[PDB]
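What follows is one chain in structure tokens, specifically the form deposited in one PDB entry.
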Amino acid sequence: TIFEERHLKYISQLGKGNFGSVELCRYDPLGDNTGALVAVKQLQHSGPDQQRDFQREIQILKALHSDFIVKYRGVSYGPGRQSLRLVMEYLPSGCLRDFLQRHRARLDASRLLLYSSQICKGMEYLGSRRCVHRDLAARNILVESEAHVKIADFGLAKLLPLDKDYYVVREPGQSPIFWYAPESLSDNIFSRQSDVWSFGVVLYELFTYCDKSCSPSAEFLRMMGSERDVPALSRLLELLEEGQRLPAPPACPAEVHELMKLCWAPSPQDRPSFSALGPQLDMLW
């Protein structure tokens, strides 16, 4: 729960989220290379605002206890106060984006639906804690095992106040635009309902086994086209407002495609809840 910095032996970089990376370290207090492997998150950039974002992330993940959410291990203690690190569990399989591509051939529709059902359960639990993820994508999901997935990357996660159902992010966005809901794209309005939009994109990613040629970017870029003096985001928004949607992935079962269409409902209120999606996915298997 408190990891001494001197005992955290650096191995390699796992990911590069902006303002701070995630590294693979071994917790080696005996110094003999026999200790357990862990994932350590730290800020790289500096400008007290990101430090408050990092402390928020820690507090958020610390108060989360689900089989479908990446496990918090503790924090790091060293010759500080620069800069404190978030210690989490390491999932040797890595992100589901890479796993889907490495094992296309062995993952059938029931397995994809099992992952979908699990991501869903984890999203239900995030909603129940008033947490909005803002970064649901296959790249931010980890494989614990052949039949077990977990949600991760809580760097953009915000807690909803008790009086509100949405969060208006002042920023704006620095993630690929193909996962955002139309209301986040136009007014930066994030909520549980915008996480449901993104979930439909995660359903699309799973059922295209994260193939790069029919990926959310690749397919939206082809159906968007090339305008004269209109920015890419505005064109995507014109496309979504017109009711155009990503098209059903090759060999995708009809039921799953209809489910993605529900997740992509134009207005947030018409999008099903994660608790509504849950039994639907279980029924399909």
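Quick note: we count residues from 1 along the sequence shown, nothing fancier. In this text, the rigid core denotes the largest set of C-alpha atoms whose superposition between the two forms falls within 1.5 Å. Shifts are known only where both forms have a C-alpha.
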| message | Of the other PDB entries for this protein whose models extend past residue 97 on both sides, does at least a third leave it without coordinates? | response | no
| said: Among other entries of this protein with both neighbours modelled, does residue 150 go without coordinates in a third or more of them? | reply: no
| note | For 23 to 31 versus 48 to 56, entry-based mean Cα B-factors point to 48 to 56
| remark: Between 108 to 116 and 78 to 86, the record assigns the higher mean Cα B factor to 78 to 86
| query | According to the deposited entry, which of 168, 149, 196, 137 has the largest Cα B-factor? | reply | 168
| task | Would you mind checking which of 175, 93, 101, 128 has the top Cα temperature factor in the PDB entry? | result | 175
| By its CA B factor, does residue 121 count among the lowest, middle or highest third of the modelled residues in the chain? | lowest
| query | Which third of the chain holds residue 205 when residues are ordered by C-alpha B factor: lowest, middle or highest? | reply | lowest
| message | Per the entry's values, where does residue 164 land by CA temperature factor relative to the rest of its chain, in the lowest, middle or highest third? | response | highest
| task | Tell me, lowest, middle or highest third: where does the Cα B factor of residue 257 rank within its chain? | result | middle
| Assigned third (lowest, middle, highest) for the C-alpha B factor of residue 224 | highest
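This protein has a second form, the form deposited in another entry, left out of what is shown; the following refers to that one.
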| Which residue, chosen from 77, 125, 166, 178, moves its CA by 2 Å or more between the shown form and the other one under a rigid core superposition? | 77
| Fitting the rigid core first, would the Cα of residue 33 be found 2 Å or more away between the shown form and the other one? | yes
| said: Closer or farther: the C-alpha atoms of residue 55 and residue 80 in the other entry, versus the form shown, with a change of 3 angstroms or more? | reply: farther
| field | Consecutive-residue runs (3+) with Cα displacement of 2 Å or more between the shown form and the other one, core aligned | value | 16 to 18, 30 to 34, 77 to 82
